[PDB]
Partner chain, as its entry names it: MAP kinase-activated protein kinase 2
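As a starting point, one isolated chain is supplied in structure tokens, in the form solved without the partner chain.
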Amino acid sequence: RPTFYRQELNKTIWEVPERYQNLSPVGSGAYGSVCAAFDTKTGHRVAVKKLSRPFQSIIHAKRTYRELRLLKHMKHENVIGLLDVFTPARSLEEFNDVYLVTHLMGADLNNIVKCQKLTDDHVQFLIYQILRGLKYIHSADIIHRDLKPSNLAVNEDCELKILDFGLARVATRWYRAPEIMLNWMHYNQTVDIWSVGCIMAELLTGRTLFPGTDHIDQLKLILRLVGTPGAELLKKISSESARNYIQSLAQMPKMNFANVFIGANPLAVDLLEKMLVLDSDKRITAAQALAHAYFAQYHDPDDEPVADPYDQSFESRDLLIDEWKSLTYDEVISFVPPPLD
């Protein structure tokens, strides 16, 4: 067992192994707080996330378990991965703190579009990396469901990694697929493609595509561009109210994407039209998108790997906080780090 040391950072008390020095706060989310640290064993800076109140309720416990099991499975350059997992606890009784260690990125994508003026080559590389990691995640039968700029970390090298939760230290609805905002509850993997399409449009133009003020304003904005849904889509909406509002709006023709995104790479416009499709059955998948001519300079089919199947069966079980905690402890003690290069 390594030597731990205790220091306080932003009303928060941190107990981390000796090998991580110079703890420096980066930001905070709702489920944890992130610090920068120097890894003496590798000579590289890293990010340490202390989970906030990990076992304070049934929801928190399952969430803690969920993040550990998921991040332990993700082994892909464009998806955040685990370099280390530790807890000062010496036993399961004495277990109540969880720390996760990953690579250290430079910022999130909304801290970059805030500068704006992103070149077209920059959009090809950034979106290609998202899709490439999206393909890996989707091959594991995982849906992100919350893709947004704050969940995309980037380096000054322009390398990108999909986070599970970003820093709140950019409304989520602006990037939500319309079916989620309708509460379909049977979401397709392509709900993430819609979000990617919303993010791409923002990178190319410098403005939020659908800056809706609420969930109802959000759908009116989506309809103004993609157009009122056809009869084939309407018959699939069971909600009379939802169907009533959609049809109640004065019909709006689909806008010419070429004009809305005039000045953009015509190959990018073509991709946006394939992602921003109302029917989720007709949206281009992540794997299909990587083969679009827009990513010709980066597409390498022998270097776009898939993931081993992920067991998500625990998601349905209703367990006690103590059982969620012991399972989390089991995952902590069993973690095997990836080998240093």
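For the two forms, the rigid core is made up of the largest set of C-alpha atoms that agree within 1.5 Å on superposition. Shifts are known only where both forms have a C-alpha. Residue numbers count along the first chain shown, from 1.
Heads up, the form deposited with the partner chain bound isn't pictured, but that's what we're talking about next.
(message) in the bound PDB entry, is there a heavy atom of the partner chain that lies within 4.5 Å of any heavy atom of residue 288, even though the partner is absent here?
(response) Although the partner chain is absent here, residue 288 would stay clear of it in the bound PDB entry, with no heavy atoms inside 4.5 Å.
(request) May I ask you to check whether residue 158 falls inside a 4.5 Å heavy atom distance of the partner chain in the bound PDB entry? (result) Yes.
(request) May I ask you to state whether residue 308 is within 4.5 Å of the partner chain in the bound PDB entry, using heavy atom distances? (result) Looking in the bound PDB entry, residue contacts with the partner chain do not include residue 308, since no heavy atom lies within 4.5 Å.
(message) Is residue 176 near the partner chain? Define near as a heavy atom within 4.5 Å, in the bound PDB entry.
(response) Flag for residue 176 set to yes.
(request) Mind telling me which stretch in 176-184, 67-75, 227-235, 80-88 gets its heavy atoms within 4.5 Å of the partner chain in the bound PDB entry? (result) Contact-bearing stretch, as computed: 176-184.
(request) Scan 247-275 and note down the residues that get a heavy atom within 4.5 Å of the partner chain in the bound PDB entry; none is a fine answer too. (result) Result: 255, 259, 260, 261, 262.
(message) Which one moved? Candidates are 308, 315, 300, 281, criterion is a Cα shift of 2 Å or more between the shown form and the other one after superposing on the core.
(response) If I go through the list carefully, the shifting residue is 315.
(message) Would residue 31 count as moving between the shown form and the other one, using a Cα shift of 2 angstroms or more after superposing the core as the test?
(response) Yes.
(message) If I superpose the two forms on their rigid core, does the C-alpha of residue 231 end up displaced by 2 Å or more between the shown form and the other one?
(response) No, its C-alpha moves less than 2 Å.
(message) Given a superposition on the rigid core, I'd like a yes or no on whether residue 184 shifts its C-alpha by 2 Å or more between the shown form and the other one.
(response) Comparing forms between the shown form and the other one, the residue 184 CA shifts at least 2 Å.
(request) Might you say whether the CA atoms of residue 7 and residue 29 end up closer or farther apart in the bound PDB entry than in this form? Their distance differs by 3 Å or more. (result) Here the pair is farther apart than in the bound PDB entry; there, closer.
(request) Quick one: in the bound PDB entry, is the Cα gap between residue 313 and residue 189 smaller or bigger than here? Answer closer or farther; it shifts by 3 Å or more. (result) Distance between the C-alphas of residue 313 and residue 189: longer in the bound PDB entry, by 3 Å or more.
(message) Core-aligned, C-alpha shift of at least 2 Å, runs of at least 3 residues: can you list them between the shown form and the other one?
(response) After core superposition, the displaced runs are 28-31, 165-168, 170-172, 184-186, 312-317.
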